[PDB]
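Each chain, written out:
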Amino acid sequence: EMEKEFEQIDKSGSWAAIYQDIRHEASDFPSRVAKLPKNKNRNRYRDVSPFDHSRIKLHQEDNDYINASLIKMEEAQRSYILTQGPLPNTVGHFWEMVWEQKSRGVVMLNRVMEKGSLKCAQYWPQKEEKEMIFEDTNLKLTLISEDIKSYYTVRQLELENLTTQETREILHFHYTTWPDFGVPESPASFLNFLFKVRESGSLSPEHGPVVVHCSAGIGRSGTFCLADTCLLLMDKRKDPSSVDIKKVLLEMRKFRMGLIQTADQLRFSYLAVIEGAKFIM
Ligand SMILES: CO[C@H]1CC[C@@H]2C[C@H]1[C@@H](OC)CN2S(C)(=O)=O
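By the method listed in its record, X-ray crystallography, this PDB entry was determined to a resolution of 1.9300 Å.

The PDB entry lists the chain under the name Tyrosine-protein phosphatase non-receptor type 1, with Homo sapiens as the source organism. Quoted straight from UniProt, the Subunit (literature references left out) entry for the chain says "Interacts with EPHA3 (phosphorylated); dephosphorylates EPHA3 and may regulate its trafficking and function. Interacts with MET. Interacts with NCK1." Here the chain is described in UniProt, under the heading Sequence similarities, as follows: "Belongs to the protein-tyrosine phosphatase family. Non-receptor class 1 subfamily."

Take a look at the structure:
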C-alpha cells in the first residue's frame, strides 16, 4: 500500500532516488515533427516536445503542428490532451484544437505571470463585451460568465466557428493558487478543484478529451492527470491497493515526456492520491 510506501520514502528521504529511477525507466520516442525548423516558433521550450506517435494534429493543410499530446489511459477509460501554455502566435491554433477535438473543458494550472515572467499568453477574454476573434483559425470566443473563488476561477465561454456559425460552450477551470516555488502544503484545495472538474462532465467519455496545461504542459499538468487516473483506477479495481503510482506515471510517460518535473511534484502526487482515497473509501 502506497501510504506505507509514502512513510518509507519520507522517513528514508529517498524521493530524489525514486524520482531518478522513473527518469531512467521513462520511454524515449522520436519527436521529429516538433524539431522541424518551420515549427521552432510553435514551441515555448526547446527541450519539451510531443512524441510523433501521440501528437495532436491540427486539421489545417498548411502546418498541422501544435505542442500537444493525447494521453490515453485504456484501463481507466480516460483521455487527456496535455499542451503548453499558448504563445502569442499559437492562441488561434489552441482554440482550433479545442474545436477539432470536441473538448468541453480547459484546465489551466498556472498564472499568466509567475516569477516576474510571462508563462502563457492571455488566450481568453477578460470582459463579456470584449470578445476575441482569431483571424488565422476563423473562431470567435466570448466570456459568458466568471465565478471567482479563493483557490480557483471557473469561466463559461462560447466558442463560435465563424465558418459554419456552430457554437459550443467551453468551461475554463483556472487553478490560481499554485505557488511560484514548490508545491501546495496541503492537497485539499487541489482535490476540491479536481472534483469540480469531474462534476462538470468535462472528463466524461461523451465529450472529447479535456485540455490540460501549465507553462510546459508536463509538471503541474502531469500531477493533475496522474491524481485523476490513480483515483479512478482505485474505484474500478477489485483490490484498490494494486494501484502503483510509479507504474501509472511510467504508462503516462509513453505519451508525453517529462510528466512530473521534480521529486516534490512526485511526493505531492502521492499525498493527493492518498488523501483523495479517503474521500473515495
Ligand atoms: C525538493 O524538496 C524536497 C523533496 C522531497 C525530499 C526533501 C526535499 C528534497 O531536497 C531538495 C529531497 N527529498 S528527499 C530527502 O526525499 O531526497
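In this section: the nonpolar core. In terms of nonpolar packing, the biggest core is built from 59 residues, with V107, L109, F193, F224, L266 and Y270 touching the most fellow members. Sequence-distant contacts of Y270, that is, excluding residues within four places in its chain, are made with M2, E5, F6, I9, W15, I245 and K246. With 25 residues, the next largest nonpolar core counts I56, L58, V98 and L157 among its residues.

So, about the layout of surface pockets. Of the volumes computed, that of the largest pocket is approximately 510 Å³. Surrounding the largest pocket, 26 residues form its lining, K115, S215, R220, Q261 and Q265 being those nearest its centre. Tallied by class, residues from the lining of the largest pocket come to 10 nonpolar, eight polar and eight charged. Of the volumes computed, that of the second largest pocket is approximately 230 Å³.

In the vicinity of the ligand, the contacting residues are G13, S14, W15, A16 and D264. The backbone of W15 places a nitrogen or oxygen atom 2.7 Å from an oxygen atom of the ligand. Within the side chain of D264, an N or O atom sits 2.4 Å from an oxygen atom of the ligand. Taking 400 Å² as the accessible area of the ligand by itself, protein coverage stands at 47%. Along the lines of polarity and charge, the residues of the shell around the ligand split into two nonpolar, two polar and one charged.

To continue, consider the pattern of salt bridges. Going through the model one piece at a time under the given rule, you end up with 15 salt bridges. For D64, the salt bridge is made with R55, and the minimal N-O distance between the two is 3.0 Å. Under the relative-accessibility criterion, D64 is labelled partly exposed at 24%. Connected through shared salt-bridge partners, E5, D244 and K246 make up one network.

All right, on to the UniProt feature "active site" in the chain then. The positions UniProt marks with the feature "active site" are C214. Its place among the elements puts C214 in the loop between strand 11 (210-213) and helix 6 (220-236). Take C214: its relative accessible area is 5%, and that puts it in the buried class. Ignoring sequence-local partners within four residues, the contact set of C214 consists of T83, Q84, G85, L109, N110, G219, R220 and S221.

This part takes up the UniProt feature "binding site: substrate" in the chain. As recorded in UniProt, the feature "binding site: substrate" lies at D180, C214, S215, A216, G217, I218, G219, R220 and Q261. The subset of these annotated residues that lines the largest pocket comprises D180, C214, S215, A216, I218, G219, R220 and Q261. Here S215 lies in the loop between strand 11 and helix 6. Setting aside residues up to four positions removed in sequence, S215 forms contacts with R44, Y45, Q84, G85, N110 and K119.

Criteria and cut-off values
Residues numbered from 1 in each chain as written, not as in the entry; some residues may be left out. Heavy atoms only, no water. UniProt positions renumbered as here; feature names shortened; annotations may be inferred. Core = buried A, V, L, I, M, F, W, Y, C linked by side-chain atoms within 4.5 Å. Buried < 20%, exposed > 50% of the residue type's maximum accessible area, 1.4 Å probe, protein only. Contact = heavy atoms within 4.5 Å. 1 Å grid on protein atoms, 1.4 Å probe; cavity = no way out; pocket = protein on both sides within 12 Å on 5 of 7 lines; lining within 4 Å. Points joined across faces, edges and corners; volume = space filled by probe spheres on them. Nonpolar A, V, L, I, M, F, W, Y, C, P; charged D, E, K, R; others polar. Near = heavy atom within 4 Å. Polar contact = N/O pair within 3.5 Å; in protein donor to acceptor, adjacent residues only side chain to side chain. Areas by Shrake-Rupley, 256 points an atom, 1.4 Å probe, with all protein chains shown as cover. Salt bridge = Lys/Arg side-chain N within 4 Å of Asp/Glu carboxyl O. Helix = DSSP H or I, 4+ residues; strand = E, 2+ residues; numbered from the N terminus.

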